[PDB]
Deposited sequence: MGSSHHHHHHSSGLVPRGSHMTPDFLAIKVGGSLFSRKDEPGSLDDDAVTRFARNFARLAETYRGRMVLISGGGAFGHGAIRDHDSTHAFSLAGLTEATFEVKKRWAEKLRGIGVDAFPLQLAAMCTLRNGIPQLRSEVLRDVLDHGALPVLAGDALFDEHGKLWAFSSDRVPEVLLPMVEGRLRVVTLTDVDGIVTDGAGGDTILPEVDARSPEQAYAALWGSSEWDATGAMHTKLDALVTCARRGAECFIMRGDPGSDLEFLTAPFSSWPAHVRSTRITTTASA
């Protein structure tokens, strides 16, 4: 309910990192992950998981969509692949089926967060992903991985940082240039820049920013060190590109 100190000079209290499916899945084989990419990412996420032990979730994109029962199985498989890889390197990773613990009411996800808190409360790493969710009149919908950070909003106290890793440096305006900053209260310019994919990321991150989260769209790379994600924005290395979305 209360006043949370926020700013570019403050350390985040919780990290939700979303890795886009385009970064670890082969076009050259649809349905197929690139094990090298998953392995190298996993190593960089493990470092973050150890610093943010009990204060981080990993959200995977990817996994091919009542025929949406298939979707829940496809996204479970992706969670399993990340969780397995992470555990192979010493990280206590537990995959959770969002469909079993979250429904939609008037379009807003309602997480029954007891298990998620349990995994966190005792210092493990929840591995999440998009899913098929039921709503209040009992219908099933496809809920994108990009929107999964929204589920954390009621639960996370303090400063939530959401990072969505994708295959572009940020929101580009045309093209010549990226938008370094978006005010979630008036994000017209950002929507106007889009050519849906990036639209879904933007809606999701504006929603989270309205509830106080510091959000980023930036480029992921399996090899890239991500430790700066634990640090105040003001202390980030020079020449990191991102679109930062805050209120």
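Novice: Numbering from 1, run down the deposited sequence and write out every stretch that has no C-alpha in the structure.
Specialist: Holes in the chain trace, numbered from 1: 1-11, 77-89, 199-201, 223-230, 283-286.
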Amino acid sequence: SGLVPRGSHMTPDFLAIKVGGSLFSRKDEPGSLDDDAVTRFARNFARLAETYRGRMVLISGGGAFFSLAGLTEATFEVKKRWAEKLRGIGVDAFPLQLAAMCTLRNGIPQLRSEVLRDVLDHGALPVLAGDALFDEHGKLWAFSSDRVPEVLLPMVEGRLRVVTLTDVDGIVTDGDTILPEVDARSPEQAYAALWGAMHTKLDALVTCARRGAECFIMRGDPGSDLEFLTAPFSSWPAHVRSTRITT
From here on, numbers count along this sequence of modelled residues.
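Rigid core: the largest C-alpha set superposing within 1.5 Å between the two forms.
Novice: Taking RMS over all structures and residues, which stretch has CA atoms farther from the shown form in 6 other deposited structures of this protein, 54-62 or 27-35, after a rigid core fit?
Specialist: After superposing on the rigid core, the more displaced stretch in 6 other deposited structures of this protein is 27-35.
Novice: Which stretch is more displaced from the shown form in 6 other deposited structures of this protein, 71-79 or 133-141, with RMS over structures and residues of Cα positions after a rigid core fit?
Specialist: Farther from the shown form on average in 6 other deposited structures of this protein: 133-141.
Novice: Where the other entries model residues on both sides, is residue 175 skipped in at least a third?
Specialist: Yes, residue 175 lacks coordinates in at least a third of the other entries compared.
Novice: Output the stretch having the higher mean C-alpha B factor in the entry; the candidates are 128-136 and 172-180.
Specialist: According to the entry, 172-180 carries the higher average C-alpha B-factor.
Novice: Mean C-alpha B factor from the entry: is it higher for 53-61 or for 23-31?
Specialist: Higher mean C-alpha B-factor in the PDB entry: 23-31.
Novice: Looking at 147, 112, 122, 161, which has the highest CA B-factor as recorded?
Specialist: Comparing C-alpha B-factors across 147, 112, 122, 161, the top value belongs to 122.
Novice: Relative to the other modelled residues in the chain, which third contains the C-alpha temperature factor of residue 241: lowest, middle or highest?
Specialist: It falls in the top third of the chain.
Novice: Against its chain's modelled residues, does residue 154's Cα B factor rank lowest, middle or highest third?
Specialist: Its C-alpha B-factor belongs to the middle third of this chain's values.
Novice: Using the B-factor values recorded in the entry, state whether the Cα atom of residue 79 falls in the lowest, middle or highest third among the modelled residues of its chain.
Specialist: Within its chain, residue 79 is a lowest-third residue by C-alpha B-factor, going by the deposited values.
Novice: Split into thirds by Cα B-factor across the chain's modelled residues, where does residue 37 land: lowest, middle or highest?
Specialist: According to the entry, residue 37 has a C-alpha B-factor in the chain's highest third.
Novice: Mind checking which third residue 232 falls in for C-alpha B-factor across the chain?
Specialist: It belongs to the middle third of the chain when residues are ordered by C-alpha B-factor.
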